[PDB]
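Take a look at the structure below.
For the numbers below, each heavy atom of this structure counts, side chains included, while hydrogens, waters and symmetry mates do not. Residue numbers begin at 1 in each chain, while the letters A, B, ... track the order of the sequences.
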Amino acid sequence: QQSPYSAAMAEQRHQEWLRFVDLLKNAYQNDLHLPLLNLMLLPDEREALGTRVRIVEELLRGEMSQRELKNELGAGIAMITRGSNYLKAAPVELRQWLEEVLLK
Amino acid sequence: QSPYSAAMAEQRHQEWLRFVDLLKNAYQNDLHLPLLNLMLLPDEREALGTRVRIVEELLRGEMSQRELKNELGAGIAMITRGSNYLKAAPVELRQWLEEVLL
Ligand SMILES: O=C(O)Cc1c[nH]c2ccccc12
Ligand SMILES: O=C(O)Cc1c[nH]c2ccccc12
């Protein structure tokens, strides 16, 4: 269970997140995803997301070394550990799909 | 802009488009929810949800600055930035947001 205060906040955040997810879903369908994402994300946030994709890809590929991840993608040991933990916690279905699309 | 900086900027642009395409394909495979949980921290997802509300209420024009602050945590500087983003957006996006958010 959860206390009513925390539960009320969590439900609000949940509904607000689903609204963003659905808004972006429809933007993709209307070819408006690029301007929507420029509106909703700062330039440095967009860059971070692009870099996180590369970190995920190289973690799954298994070829880049720790020094290379730091020097090429700015990912130190703490960030590599976090990213690896996120991948382990993700559903197997997502990980397998990521391997197919990113390591194509 | 030097060739070095231009080359870096183009690489960042391609990396961003790669994320955009990855998420597009995740939506098509109904894997967008777990992908977004992997790619975004909880506090980042919350911020995106709140930014949608700020955009909505700025377009609606009903809430006052104080209400935007109390309900959405959006101070005066964030309201100014959000308003600038909306003004710089293409007309097609603004027209669509007015149709769906309002
Ligand atoms: O400016 C910020 O603090 C982040 C931000 C990015 N897109 C936005 C849209 C509306 C309100 C705030 C933001
Ligand atoms: O932990 C972070 O620093 C942010 C982050 C969120 N998703 C990620 C995936 C790979 C690498 C870093 C992150």
Quiz prompt | Test: A/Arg61 and A/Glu57 ion pair at under 4.0 Å | solution = yes
Quiz item: How about A/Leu94 and A/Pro91: do any of their side-chain heavy atoms sit closer than 4.5 Å?
Solution: yes
Quiz item: Is any side-chain heavy atom of A/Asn38 less than 4.5 Å from a side-chain heavy atom of B/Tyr85?
Solution: no
Self-check item: B/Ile79 side chain near B/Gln65 side chain, heavy-atom distance below 4.5 Å
Solution: no
Practice problem: Please check if A/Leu103 and B/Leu23 belong to a single hydrophobic cluster, counting links between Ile, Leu, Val, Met, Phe, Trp and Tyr side chain heavy atoms closer than 4.5 Å. | Solution: yes
Quiz prompt | Basic-acidic side-chain contact under 4.0 Å: A/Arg95, A/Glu99 | solution = no
Quiz item: Does one hydrophobic cluster hold both B/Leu102 and B/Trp96, with members joined at side-chain heavy-atom distances below 4.5 Å?
Solution: yes
Self-check item: N-O pairing of B/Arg51 and A/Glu45 below 4.0 Å
Solution: yes
Quiz item: Tell me, do B/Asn25 and B/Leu31 make a side-chain contact under 4.5 Å, heavy atoms counted?
Solution: no
Quiz prompt | Salt-bridge present (B/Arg18, B/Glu15; N to O < 4.0 Å) | solution = no
Quiz item: B/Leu22 versus A/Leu98: any side-chain heavy-atom pair under 4.5 Å?
Solution: yes
Quiz item: Do B/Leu72 and A/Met9 belong to the same hydrophobic cluster, where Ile, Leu, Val, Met, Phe, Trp and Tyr are linked whenever their side-chain heavy atoms lie under 4.5 Å apart, directly or via other members?
Solution: no
Quiz item: Quick one: does A/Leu49's side chain get under 4.5 Å of B/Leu40's, heavy atoms only?
Solution: yes
Quiz item: Below 4.5 Å, heavy atoms only, C-beta onward: do A/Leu36 and A/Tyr28 meet side chain to side chain?
Solution: no
